[PDB]
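Presented below is the structure to which this report refers.
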Amino acid sequence: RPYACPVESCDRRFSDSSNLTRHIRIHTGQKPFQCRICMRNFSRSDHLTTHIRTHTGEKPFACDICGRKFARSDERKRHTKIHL
DNA sequence: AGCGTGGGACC
DNA sequence: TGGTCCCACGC
Ligand SMILES: [Zn+2]
Ligand SMILES: [Zn+2]
Ligand SMILES: [Zn+2]
């Protein structure tokens, strides 16, 4: 991996450039995105998008078997396996 | 179940 | 740069 985190004793190498800057926000504690509803700060925009659904109750991901809806894709993925 | 949060890969 | 899905780990 071309990109390396220059923060002391942190051995993380990333391949994508944007992923390095994303990872750097962990060490710097920077949180560029805020939630308009609860005013909480997040390090990432994609986590903010899914966080907002905890307020609005929006669930765009439905299980193909029973039709149960979830706010995030991974929750639906983890759910679908129960029907096995 | 609910959801913060990090990583790969992508546009 | 600035996001934007998919997905895994943690409690
Ligand atoms: Zn680092
Ligand atoms: Zn909020
Ligand atoms: Zn189901």
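All heavy atoms count here, side chains included; hydrogens, waters and symmetry mates do not. A note on names: the letters A, B, ... follow the listed sequences, proteins ahead of strands, and every chain is numbered from 1.
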**Report entry** Nucleotide B:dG8, atom P - distance to NE2 of A:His23 in whole Å
**Finding:** 10 Å
Requested in this report: Write down the distance between CD1 (A:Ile24) and P (B:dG6), rounded to a whole number of angstrom.
Outcome: 13 Å
Query raised in the report: Any side-chain heavy atom of A:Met39 within less than 4.5 Å of one from A:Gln34?
Result: yes
Query raised in the report: To the nearest angstrom, how far is A:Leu20 atom CG from B:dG6 atom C1'?
Result: 14 Å
Query raised in the report: Would one find more than 12 heavy atoms of other residues, nucleotides or ligands at under 6.0 Å from atom CZ of A:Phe33?
Result: yes
Query raised in the report: Going by heavy atoms in the side chains, are A:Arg44 and A:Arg25 under 4.5 Å from each other?
Result: yes
Query raised in the report: Starting at NE2 of A:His51 and ending at P of B:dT5, how long is that distance when rounded to a whole Å?
Result: 10 Å
Anything under 3.5 Å between a protein N or O and an N or O of nucleotides 2-11 of chain C, put it in a table, one pair a line.
residue: C:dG2; atom: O6; partner: A:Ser18; partner atom: OG; Å: 2.7
residue: C:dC5; atom: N4; partner: A:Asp46; partner atom: OD2; Å: 2.9

Report summary line: Heavy atoms of A:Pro32 and A:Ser43 approach each other most closely as CD-O, 3.7 Å
Query raised in the report: Looking at A:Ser43, does any N or O in its side chain come under 4.0 Å of the phosphate oxygens OP1/OP2 on B:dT5?
Result: no
Report summary line: Between A:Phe61 and A:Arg72, the two heavy atoms sitting closest are CD1-C, 3.4 Å
Query raised in the report: Using a cut-off of 4.0 Å on non-hydrogen atoms, how would the nucleic acid contact of A:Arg1 be classed: base, sugar-phosphate, or nothing?
Result: sugar-phosphate
Query raised in the report: Nearest to the side chain of A:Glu75 - B:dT5, B:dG2, B:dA9?
Result: B:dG2
**Report entry** Rounded interatomic separation in angstrom, taking CZ from A:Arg53 and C1' from B:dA1
**Finding:** 17 Å
Query raised in the report: Would you say A:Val7 and A:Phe14 are hydrophobically clustered, going by side-chain heavy atoms of ILVMFWY under 4.5 Å?
Result: no
**Report entry** Donor-acceptor contact present, side-chain A:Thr54 to main-chain A:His51, <3.5 Å
**Finding:** yes
Report summary line: Whole-Å distance, A:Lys31 NZ to B:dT5 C1', equals 10 Å
Report summary line: From CZ of A:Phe42 across to P of B:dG6 the rounded distance in Å is 11 Å
Query raised in the report: OP1, OP2 of B:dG2 versus side-chain N and O of A:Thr54: anything below 4.0 Å?
Result: no
**Report entry** Rounded distance (Å) that lies between atom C1' of B:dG7 and atom CG of A:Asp11
**Finding:** 16 Å
